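1. Requesting a structural model of the entry that follows:
(6 chains)
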Amino acid sequence: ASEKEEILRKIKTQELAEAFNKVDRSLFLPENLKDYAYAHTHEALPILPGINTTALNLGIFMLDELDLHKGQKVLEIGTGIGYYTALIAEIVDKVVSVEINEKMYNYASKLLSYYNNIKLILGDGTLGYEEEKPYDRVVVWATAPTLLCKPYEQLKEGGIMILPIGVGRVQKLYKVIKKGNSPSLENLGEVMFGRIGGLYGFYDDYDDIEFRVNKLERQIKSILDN
Amino acid sequence: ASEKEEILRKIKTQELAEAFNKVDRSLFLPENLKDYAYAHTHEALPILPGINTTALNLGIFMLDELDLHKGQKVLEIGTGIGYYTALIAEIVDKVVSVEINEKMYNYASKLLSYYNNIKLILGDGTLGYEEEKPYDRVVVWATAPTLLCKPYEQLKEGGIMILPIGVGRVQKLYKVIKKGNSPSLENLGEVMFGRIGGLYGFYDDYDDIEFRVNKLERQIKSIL
Amino acid sequence: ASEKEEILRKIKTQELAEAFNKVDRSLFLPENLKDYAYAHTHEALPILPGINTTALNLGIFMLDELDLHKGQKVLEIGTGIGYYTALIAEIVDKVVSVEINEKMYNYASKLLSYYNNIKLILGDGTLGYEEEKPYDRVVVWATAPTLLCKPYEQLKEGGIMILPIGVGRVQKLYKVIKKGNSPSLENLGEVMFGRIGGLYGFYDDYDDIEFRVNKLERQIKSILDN
Amino acid sequence: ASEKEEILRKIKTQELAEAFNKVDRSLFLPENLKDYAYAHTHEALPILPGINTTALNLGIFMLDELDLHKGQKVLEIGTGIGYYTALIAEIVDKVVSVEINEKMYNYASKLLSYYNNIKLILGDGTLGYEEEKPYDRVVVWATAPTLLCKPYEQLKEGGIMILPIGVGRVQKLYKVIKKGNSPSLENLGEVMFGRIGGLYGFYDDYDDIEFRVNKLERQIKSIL
Amino acid sequence: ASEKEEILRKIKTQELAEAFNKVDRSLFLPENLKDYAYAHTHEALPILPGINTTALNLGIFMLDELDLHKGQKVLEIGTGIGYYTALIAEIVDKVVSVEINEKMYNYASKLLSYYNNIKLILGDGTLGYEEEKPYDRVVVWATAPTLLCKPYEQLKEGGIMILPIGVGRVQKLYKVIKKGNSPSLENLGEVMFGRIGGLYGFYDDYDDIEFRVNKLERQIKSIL
Amino acid sequence: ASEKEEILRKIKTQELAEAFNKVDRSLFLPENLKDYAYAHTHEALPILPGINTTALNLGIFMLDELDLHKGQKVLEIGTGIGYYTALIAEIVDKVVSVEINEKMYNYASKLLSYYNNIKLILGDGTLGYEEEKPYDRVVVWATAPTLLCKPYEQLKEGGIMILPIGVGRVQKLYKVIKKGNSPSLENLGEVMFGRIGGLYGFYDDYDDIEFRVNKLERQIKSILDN
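-> Numbering: from 1, shown residues only, chains lettered A, B, ... in the order given. Next up is the structure itself:
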């Protein structure tokens, strides 16, 4: 708990403040990363090849902006290691959380036993989760090509959704308040999340000149097979 | 052979062939572009800043790959000058067409008055059009970040949607056949369409670093 | 006439001010662009594939800087839709105007009938127009690799020429005052014009890394035919 | 065949084959990564931010190209999770291994207690390890700007060092045989290792212009 | 064979062959570069910051493709060290040569005193040289944005001009034959010359984005 | 001597100030570059294909920062034209100087005759020079991939070394004060030197997107041979 007090001081939602103080984040982190429970708070931690855990400073900010309170039903796209799932479960009535990667799904299955209000789904988060349909809030922990349609449809009328939108290696964090097909979108800043996979995920690779050149270099390397 | 003739020979959809043969593309085109009606069939044509009507060869090819029939209900996203909308209205029962740009909407509204089975919505085509929900066919004249959810939802279970998906200056043309949440995607080839706007459209601009630097150089113009 | 008054207020040449107020720019614009006669004044309008009409704000600024007055002979490289041609004809004695694109030449042939002091040439503007040789002013509506030599030679001794010079997708607007082979060149700012074609036009394509990469990507796409 | 088996078949160094067969890689790996012990043998595995343990196929290939024997003195630069260190300690007399990252040092320190012929230095591997100076073999798990001088100096006259040399995202894997100031360098192929740190390490970051611009755009965020 | 000999064998212009054989290139070259007179014939040689004399093989090749004869009037744009000017003066009647850089002008002025049919103008070669207007041949030792108008105007009706045209680090070598306003342009291959300066020269720098960013990064060095 | 007084005014080491005033730099420069002895002081001068002489302003700054005084033994990596070698010889007891390029080695052999305290070696400067081992100072006139190990080892304990470190076309000037394996490195600024060659020199080419693209363009040009 080094940068723990810094982060706690900033929390605007009293309920989140308490959940944050109580849940021991080292309990959801592997052995190798134990020292990052409350230190290096601005970095994303490696869990699986190609998959990280959002930076604590970012995560707490997002949840704080989610306006979480008693008796809400929250949909979370991207269970991961279950830590942010736990913090929501502490505040909210029920939590439906989706994970697309099986190994990740397995790793967390055991870590959330202490909770009886978290439904863990193994599937395409891009579809959200129809079946417990009306949600009060939705948090996505990976960037999308556009506004995720299913989650948005599943949101309650005045619901609030937070997700990173953007193709390209640097995206934008958006706070969406449902209002028919005229939501209000508030850019909360620049962020760098990994790409969400699935039906409404990405259909082509990163399109920045660095990537394009890396590819050219890959192909010429292989064409020189001729 | 005649450029108009070359395109006609390729058309596999009989009705499309008949429509293509009687609808005058030169009426939908501005004064400055009438020489292009059936000449230079491979060139996209400039209508508004940032808006071009698809090149004829590709336009017909897409309407043809769309497999249009009589009695169908079609959803067209991106009216434009109205030409392809006209061809569809000649073949199909009813046609709903959305145009997000008002200046383009107006222009095409005048020309589409002739037809009576065309509903022109001035709005976000990225939302499709819920109110007539069941559609047999969907065509999109602009590239999208992913599979367009709303129009796809509004498709019949075996429906066909044709759209370009991709970020970047060269996208892929897809032929999608609705099958619940596991659509079949056929790549019909590489195309170059403008980016689609709207709620479920793009939120970032094309990544051209030359210009991103240019600007930063300009921005660096301040001496205090 | 929305941004019309903004633009008119700025005009320093009284004669231009009057011509600008009188000539109806919607009369030279196609149907599709009627709403841009005096709105969106900063954008270039699409007329032909690869060809635009300079932005009104830019055009009026250029003509205003041309120092146009009674009894001058003006050479204009790039007739286009004839609108800027009309404004000059209103002020000046005679106007010789060149257009290299035939379709463009045709479109404007009819739109300038009301004038009896505009000679319309279909040819290589890069050559200027020898035959009505001594000119007082010259305006070019497209960028060149360097100072256009023929127009410059055709200029009167103290004549003034305005043109965009530059390879690359962003050029510079120059006001040239003839003085033997020691002109005075004043950079009026950064601009973005399409490339001028012709003998003294461009001999190679755009050389910015974006273009070069687009090409590499084109070739590798075709080499993969092997 | 079994991925673990495929790698085993390639091993030319008998002792390495035996070691690979009895050392349990799943002990060195974190909970979240144990399924990868002998599965997906071609993937580098994420341990700390900016630190990955080499993909098994390459790891073994390098230890094998290293030509390990009994009684040797080996210098390993970049302990990591300790796995390859363990394999070396099973084959060789003594092993000195350096790790510059403390969090990584600790993690591997616990697991390496089992062995008794391994000396773990928490420090700059770029300096090698003077104090045991004569070494028969040297392995480096990270790319370097040039031939690493200190470790090379500390090699026996016919010693072998295996390291990746190169700036950029794709380096070359070199097998170096000490011969005074004219070493022989064999290119074993292209690899992708992280940059080595320390005194004789890198002083500039990888040149990614996309990000260099991104930042400059961010930096340009000030309105006074 | 001898590098000097290899070049000699290729020369098709008898007079050029004779001249090449008697003019000592080592006199025109600085102390630090005399070993290069007829050695490393393919390398451009550094004379002033931003100024290099063309590599011999190319230099001769161009003078040879120029088709020099006795009695002609030649216009050379870019004197340089004077070597190729000397070879031309040995073959032709009169030679006008322009050099825009004064430091280069001086250097070559001393060495060219020997010849008496060479007029050295210290000025804008981009303007050519009106005063002796009719020229049979024109050579340009630097790349240009377009066909150089002034020198082209000053050519005889069937004259030949050899210049590199192009923006970018690799230009095309052109052989131009005057034919009113429809010259014939033969592409002799790709070359790498410096950019030509002057009125009808370049107005923008080579577009190197690496450096454009570098600077912007430097520029971003202010903390107020 | 135009910018000579500007540069002299700045010199903090009195001994360097005197050496700088006395040694005639035009005596080490070829004919073509005579006018740059004390003018255009910020540019690097062309001597051999691929090889330049550091800018005078840079060179004097580096030597001034080297803290040169009576009775020191100085190792210099990159003799070049011998001018900076001469200035050091004037102040110091002995100077060992290495040059890797033979033509360069030859050109300077004759220019330093007036000195009897300069040992000129033709070899790999990356190795420094073991044999006159303990050095008080070391100056390198070319960039290295990292801290040059041999020179550093050859430095006296509290010795000082100055060299440009960096891959990439723009490097950093470093002032190194020996202290075991814990030197103190002070960045003196951004500089642009040519690459040092040799055992501890570079093993791969420049890695900036400009270079990478130039290469792609080279290969595609050659693949189109197929």
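
2. Leaving out the residues flanking it, which one is nearest to the spatially most central residue of chain A?
-> Geometric centre of chain A, nearest residue: residue A:141, 1.5 Å, by C-alpha atoms, centre = their mean. Among residues not flanking residue A:141 along the chain, residue A:78 sits closest, at 3.6 Å (C-beta to C-beta, 6 or more residues apart in numbering or on different chains). Using the backbone N, CA and C atoms, a C-beta is placed for each residue, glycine as well.

3. Backbone dihedrals for the one you found, please?
-> Note on residue A:78: its backbone torsions stand at phi 120, psi 60 [degrees, to the nearest 10].

4. Okay, strands next: where are they in chain A?
-> A:45-48, A:51-53, A:73-77, A:94-99, A:118-122, A:135-140, A:155-165, A:171-177, A:184-191 (DSSP state E).

5. Next up, the contacts around residue A:98.
-> Going by C-beta atoms under 8 Å, 6 or more residues apart in numbering or on different chains, residue A:98 touches A:75, A:76, A:77, A:78, A:79, A:121, A:122, A:123, A:124, A:125, A:128, A:129.

6. what's the neighbour count on the residue nearest to residue A:141?
-> By other C-beta atoms under 10 Å in any protein chain shown, the residues close to residue A:78 number 24.

7. from what I can see it touches residue A:126, true?
-> No - counting by C-beta atoms under 8 Å, residue A:78 sits too far from residue A:126 to count as a contact (10.6 Å).

8. Name the residue of chain A that lies nearest to chain E.
-> residue A:209 (9.0 Å; C-beta to the nearest C-beta).

9. quick one: that residue from residue E:54, how far?
-> Going from residue A:209 to residue E:54 by C-beta to C-beta, to the nearest Å gives 34 Å.

10. again, but for residue A:138
-> 68 Å.

11. Likewise for residue A:46?
-> For residue A:46, the distance to residue E:54 equals 55 Å [C-beta to C-beta].

12. now swap in residue A:61 and tell me
-> From residue A:61 to residue E:54 the distance is 62 Å (C-beta to C-beta).

13. can you count the residues close to the closest residue to residue A:197 other than its chain neighbours?
-> Ranked by C-beta to C-beta, 6+ apart and with sequence neighbours excluded, the top spatial neighbour of residue A:197 is residue A:100, at 5.7 Å. Around residue A:100 there are 21 other residues, counting by other C-beta under 10 Å.

14. Quick check: phi and psi at residue A:100.
-> With angles defined as degrees, to the nearest 10, residue A:100 sits at phi -90, psi -20.

15. So it sits against residue A:125, correct?
-> Yes - with contacts counted by C-beta under 8 Å, residue A:100 reaches residue A:125, the gap being 5.6 Å.

16. Tell me the residues that contact both of those two, please.
-> What both residue A:100 and residue A:125 touch, as defined by C-beta under 8 Å, 6+ apart, is the set A:78, A:198.

17. Please save the CA atoms from the longest helix along chain A in CSV.
-> Using DSSP state H to define each element, chain A has its longest helix at helix A:209-223. Provided in CSV are the C-alpha atoms of helix A:209-223 (Å, rounded to 0.1, in the frame of the first residue of the first chain):
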residue,chain,number,x,y,z
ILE,A,209,3.0,3.7,-40.6
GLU,A,210,5.1,1.8,-38.1
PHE,A,211,3.0,-1.3,-38.5
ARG,A,212,2.6,-0.9,-42.2
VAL,A,213,6.4,-0.7,-42.6
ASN,A,214,7.0,-3.7,-40.3
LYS,A,215,4.7,-5.6,-42.6
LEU,A,216,6.4,-4.5,-45.7
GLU,A,217,9.7,-5.6,-44.1
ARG,A,218,8.1,-8.9,-43.3
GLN,A,219,6.9,-9.6,-46.8
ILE,A,220,10.1,-8.5,-48.5
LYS,A,221,11.9,-10.8,-46.1
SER,A,222,9.6,-13.6,-47.4
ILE,A,223,9.5,-12.6,-51.0
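
18. That one to helix F:209-223, inter-axis angle?
-> 30 degrees (axes from the mean of the first three to the mean of the last three C-alpha atoms, to 10 degrees).

19. Go ahead and name everything in contact with helix A:209-223.
-> By C-beta under 8 Å, 6+ apart, helix A:209-223 touches A:205, B:207, B:209, C:209-210, C:213, C:216-217, C:220, C:223-224, C:226, D:169-170, D:208-211, F:209, F:212-213, F:216, F:219-220, F:223.

20. What are the buried residues along it?
-> Under the neighbour-count criterion of 16 or more other C-beta atoms under 10 Å in any protein chain shown, helix A:209-223 has A:209, A:210, A:211, A:212, A:213, A:214, A:216, A:217, A:219, A:220, A:223 buried.

21. how about the nearest residue in space to residue A:137 that is not next to it in sequence, what does it touch?
-> Spatial nearest neighbour of residue A:137, excluding adjacent residues (C-beta to C-beta, 6+ apart): residue A:74 at 4.7 Å. Residues counted as contacts of residue A:74 (C-beta under 8 Å, 6+ apart) are A:66, A:68, A:88, A:92, A:94, A:95, A:96, A:135, A:136, A:137, A:138, A:139.
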